[PDB]
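Participant:
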Ligand SMILES: Nc1ncnc2c1ncn2[C@@H]1O[C@H](COP(=O)(O)OP(=O)(O)OP(=O)(O)O)[C@@H](O)[C@H]1O
Ligand SMILES: Nc1ncnc2c1ncn2[C@@H]1O[C@H](COP(=O)(O)OP(=O)(O)OP(=O)(O)O)[C@@H](O)[C@H]1O
């Protein structure tokens, strides 16, 4: 029947145990906020993975006269450099990359040259991949000063420290969010017990006069619904202020360092429905069987 | 002193509600240990800044026309400044930097910008070392626009700007610690309104028997103190396993670079008494005045 | 009674060339100045394109230079350095290198703004020069039409009036006193600006041209845009331009020197200065 | 058409006296049934047996509609609208009003809106407190707070209205008001099952008195004082 | 002076009829008084007024030992050692035996364990909990669960044992012996004060029965009966 009676009875619980309800909001905000912060840095690392080079990669470049011509591997100068790096079994493959593919990704490698920086500027690459990325300093020195190669670039041997601290921070946030969620599960069971103990005087009335079983759990479950939605809302609103107060001076210059991409007030909106369908279901699965096994 | 009466009731009190008890254990461990982790990164920040004071180098640049026409300091314009700086109370030694080597020392340090970096873009400079490089306000009010200098770099805030993202992480941890600490205080506050309710049948009689007013809330306090101290005890144990499992590879990867102070188990155990007293105070001051308004 | 009106209409046809000549002169000076200013703006645009090209080559070299791993910020130096000794050197080099980057970006942006402003100025100058050439063509178009119309009155004055009228039906600013010695006996030449053709207002060189002057010979520009003169103030500056808008302004050589031809050849008689009628007829210079 | 229980049993931790043993008493629709007995009789368990809130270990329970010995949890609240109970502690909500306490079984069922207020003054006219139905029950004296507890269980018509200690704390002067109210309730056609715990009223009614002593049935003749 | 209180009143909020007038009551030491008052009006506020659970709005409640209407920060239990208080409900402890419920009210006032075994097992055999006294009160019948609440009150030998509805909900067959137990504390010199609503039990011994109507005392009979 009509929901006009459920709306003006939850205000009694909103005034009866005020010191218990807002503690639930504060701990559920910390739980799903730490979970959201853990998911945001995983999204951050996955968005920032495309800037650098992967596990099996070693960037190399070409001299100006070779890269000015040879738009495809058709001149003998291309095979002359390819064959000498197929002489050694340290590498496995060389990807075909040339001048034309070096500017359609110029937005991707550096989102700062979004203007017309200029064609015929970025050197051709012919980059290599090797299965043993520790003993390649000798390879880089063999590519140092050789007549036909400009220079090399490496993202391993103590350059890929960025992802190792991002993964550690993500797992730390996930662990603290997980144990906070375990504490939240126990507080689910306590608030329904508090609402049962303080407001038992009509539970017996509804048990005697012939209330249906499902309608008895409805006022306690809608309390858990409003508590979970209020907690997730305060957590999302807290993510904005923890970014805006003292992370708009320390995180933003990584983009000017060209290390990580945009995280803004938009990609949190792509995870906020997942925060809702996590937090509200997390409250409501665990606020049901407590009333079944005790009420 | 009647301690054996208090020793056996606390187990029955824990069996009266172990659910709320372990909820308070979890939220106490998280709120206290997260503040402890916020203190540890403050310790790491200035302890890893302190391993740079013996090697940080203050630098002052020179104007162009005393360096554009001569390589070494041979003109009489720089002969005043060449030994004006040794006439100082806080300088070890002064080494002049030729402009020719100060161009290609960057190229030797990293073979990059070998064509675009300007030849007349690196001014000549000197060397100054201070007993107080952090307190470099002596040169801020002395190195004015003298005839022979261009600008004052004012030692460097580069290391100070560099070690600021973890300061942002520290006060993020402090903000989350206070936010969850409010919920911890509130969960202490409603600990006793269900701890007295679950065993009314004897706290409702020693009011009307003649027990002292201090001895009423004493067993409702001692169990909260034991809960707080085992929560702090597992807080440091959980911080051990988030340091040694998730941040561990991140710190051992900075081990070989020797850039971080490398906080060890002795360093987290150094802050254990202050953390424990904070937990005992936060669960003793707020588990006492909530009984003055209840019993 | 027909002996006067045939030259009366021809007088405007004679002075039309002199009236249009000054317009033509100011139009050609205007289009020459516009062409010179447009050429200067084209040179400025070429210089702006040259500085844009060299700063473009600089910005492509620095855009390439960061693609080989050139990092100039400072935050990723602790992601790159392996010892605190050279980390300080990396920060010190990148602190001035990022200053070089910022100066190059500011210089490129200023060069782009200056090139855009120079292109807009060159476009406006080219539009102004094209407009000036348009008025030059417009004031040529009526000029070649009325120059052909100038030859119409020759057949009715120098060809039709010469059959009849035989021997029976026919101070110091001048310094010439009697401008009738080589001046009479010349019944016009072509009604134009011939140096010696003696066409109505074509006698200004023998009297007024004595200390330079170089007046434009219009009898309309100085009739309106000139300093006024009073004949009653003993200043001989009044002429016979009264009751005839844009007409001849011949200065009398003394008092009563009407040296001209009525239709084709006339003598000079001492008649009073009766041509001065309405106001705003003629001025001094 | 019989509404009783027989050969029931109930043990929670120890057997000792396992609630009741076997019950053969004839109760009819419109009978004053008393339940005198000592405090060890387990008369509240006998209340819960007809309430289907305590599951019997043996026997069967059937109050005039169906056997509730093995009734599922889906249909157990359906056999609760015809059941009425009054207790010692009056079961009153403090924050609500005197009208709101008796108008509480209306909205929990979900009947027609016009039939909500069409019966509340109709049942306040047969209880005694016809008037002063707007004051707070906290400010009301305890004599009429019991009549609120009877008048609350009149929204649906109860076939049996079983009492569980409705006096004993009340004054004998105001016990007359409570006792004669149930007489007019029984004139509607319903039965009541009294469970008083004293001697003065049970030697005043000469009605069907059923005694029970730890499962054993002490004195049963269904008449007399 | 002896135990005498007068002019006591406590006007609660939102109550135009607080049912506490300024009545000058007077009792006798060693004498039993029965306060069979009305229902729900004032039968408990006066009953807790001797224990000073509610602070009176006016008057000076007094006992034979010290002043009761004014306290300090350390004198509130000093009133309540000598109070033996019994309610309607049994309120035993469900985690300990009948031999431990009586002794539970002894270490809360600071009594050594050597004096427990010489005093506490010298009490509950007088009330009727004899023989073994090891049965758990969760399984005992309510006839014997009330007398242990009586014996819990008589531990430090109080001079007053005030009781609110002692029979409460019991048959007269198991309430007639309650009079025979309570007279054994009554003849020891204890001013036992019983608030009851059961007639024809206090009409037998004909002791001092008082009654308020709606907030004022109307019956003061030293040997009266209930009407
Ligand atoms: N839920 C229960 N759990 C355990 N034992 C119970 C329960 N209900 C009843 N008993 C047992 O039955 C005995 C009497 O039951 P019950 O509570 O119904 O008695 P009663 O006659 O209504 O009297 P009173 O309310 O005065 O105790 C109890 O003393 C206890 O031994
Ligand atoms: N804690 C309280 N706060 C405010 N008013 C109270 C409180 N307790 C009782 N009252 C008021 O006191 C009156 C009830 O009567 P009183 O407290 O004197 O006891 P009683 O009802 O006669 O006794 P018993 O509690 O044994 O039934 C009502 O007016 C009620 O509002």
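Residue numbers (UniProt numbering), protein chains in the order written: chain P, 1 to 295; chain B, 1 to 295; chain A, 45 to 214, 271 to 385; chain Z, 1 to 225; chain C, 1 to 227. Where a beta carbon is used, it is the ideal one built from N, C-alpha and C, also for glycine.
(1) Is residue 139 of chain A close to chain B, meaning its C-beta is less than 8 Å from at least one C-beta of that chain?
(2) Relative to chain Z, which residues along the region 185-216 of chain C have a C-beta separation below 8 Å, given in chain order?
(3) When you compare only the Cα positions, how much space is there between residue 21 of chain B and residue 163 of chain B?
(4) Since residue 229 of chain B meets chain P, which of its residues come closer than 7 Å, beta carbon to beta carbon?
(5) Once the 5 residues before and after residue 37 of chain P are set aside, which same chain residues still bring their CB inside 6 Å of it?
(6) Does DSSP classify residue 304 of chain B as helix, strand or coil?
(7) Can you find a heavy atom of ligand 4 that lies under 7 Å from the Cβ of residue 294 of chain B?
(8) If we ignore side chains and look at the alpha-carbon of each, how far apart do residue 121 of chain P and residue 105 of chain A end up?
(9) Smallest Cα separation from residue 346 of chain A: which of A:300, A:140 and A:137?
(10) Would you verify that the beta carbon of residue 115 of chain B is, or is not, closer than 8 Å to some beta carbon of chain A?
(11) According to DSSP, is residue 216 of chain Z helix, strand or coil?
(12) Flag residue 99 of chain P as yes if its beta-carbon sits less than 8 Å from any beta-carbon of chain A, otherwise no.
(13) Over the uninterrupted beta strand (DSSP E) stretch that includes residue 257 of chain P, give me the two end residues.
(14) Taking C-beta to C-beta, are residue 290 of chain P and residue 192 of chain P nearer than 8 Å?
(15) Check whether the region 85-92 of chain C and the region 157-165 of chain C are in contact - that is, three or more C-beta pairs closer than 8 Å.
(16) Since residue 59 of chain B meets chain A, which of its residues come closer than 8 Å, beta carbon to beta carbon?
(17) Give me the Cα-Cα distance between residue 154 of chain C and residue 192 of chain C, rounded to the nearest whole angstrom.
(18) Measure from the alpha carbon of residue 157 of chain P to the alpha carbon of each residue in B:119, B:257, B:145 and B:91, then state which is nearest.
(19) If you draw a straight line from the C-alpha of residue 118 of chain A to the C-alpha of residue 134 of chain A, how long is it?
(20) Less than 7 Å between the CB of residue 12 of chain Z and some heavy atom of ligand 1, yes or no?
(21) Going along the region 167-183 of chain C in order, which residues come within less than 8 Å of chain Z, judged by CB to CB distance?
(22) Along chain Z, which residues have their Cβ under 8 Å away from the Cβ of residue 3 of chain P?
(23) Name the one or two DSSP bridge partners that residue 84 of chain Z has.
(24) DSSP puts residue 209 of chain Z in a beta bridge; with which residues?
(25) Could you check if residue 204 of chain P belongs to the surroundings of ligand 2, using beta carbon to heavy atom distance under 7 Å?
(26) Under a three-way DSSP split, which group does residue 221 of chain C fall into?
(27) Under the rule that 16 or more other beta-carbon atoms within 10 Å means buried, what is residue 202 of chain P, buried or exposed?
(28) Taking 7 Å as the cut-off, is the CB of residue 153 of chain Z close to at least one heavy atom of ligand 2?
(29) What's the C-alpha gap between residue 54 of chain Z and residue 202 of chain Z?
(30) Could you check if residue 299 of chain P is buried or exposed, using at least 16 other CB atoms within 10 Å of its CB as the buried criterion?
(31) Determine whether the beta carbon atoms of residue 48 of chain P and residue 247 of chain P lie at a separation below 8 Å.
(32) Looking at residue 40 of chain C and ligand 2, is the gap between the Cβ and the nearest heavy atom below 7 Å?
(33) Measuring only between beta-carbons, confirm whether residue 260 of chain B sits less than 8 Å from chain C.
(34) Can you tell which of P:78, P:12 and P:74 has the C-alpha that lies nearest to the C-alpha of residue 63 of chain P?
(35) For a quick check, are the C-beta atoms of residue 76 of chain C and residue 213 of chain B less than 8 Å apart?
(36) Alpha carbons only, please: which of P:280, P:292 and P:123 is nearest the one belonging to residue 97 of chain P?
Facilitator: The relevant details are as follows:
(1) yes
(2) 197, 198, 199 and 200
(3) 40 Å
(4) Within chain P, no residue comes near residue 229 of chain B; the closest Cβ sits about 18 Å away, beyond 7 Å.
(5) 173
(6) There is no way to answer for residue 304 of chain B, as the model of chain B reaches only from 1 to 295.
(7) No copy of ligand 4 appears in this structure; the ligands present are ligand 1 and ligand 2.
(8) 7 Å
(9) A:300
(10) yes
(11) strand
(12) no
(13) That residue, residue 257 of chain P, is in no beta strand (DSSP E); it is neither H nor E in DSSP.
(14) yes
(15) yes
(16) 136
(17) 11 Å
(18) B:257
(19) 8 Å
(20) yes
(21) 168, 169, 170, 171, 172, 173 and 174
(22) Simply none; closest approach about 12 Å.
(23) Z:161
(24) Z:34
(25) no
(26) strand
(27) buried
(28) no
(29) 28 Å
(30) Since the first and last residues shown for chain P are 1 and 295, residue 299 of chain P lies out of range.
(31) no
(32) yes
(33) no
(34) P:78
(35) yes
(36) P:123
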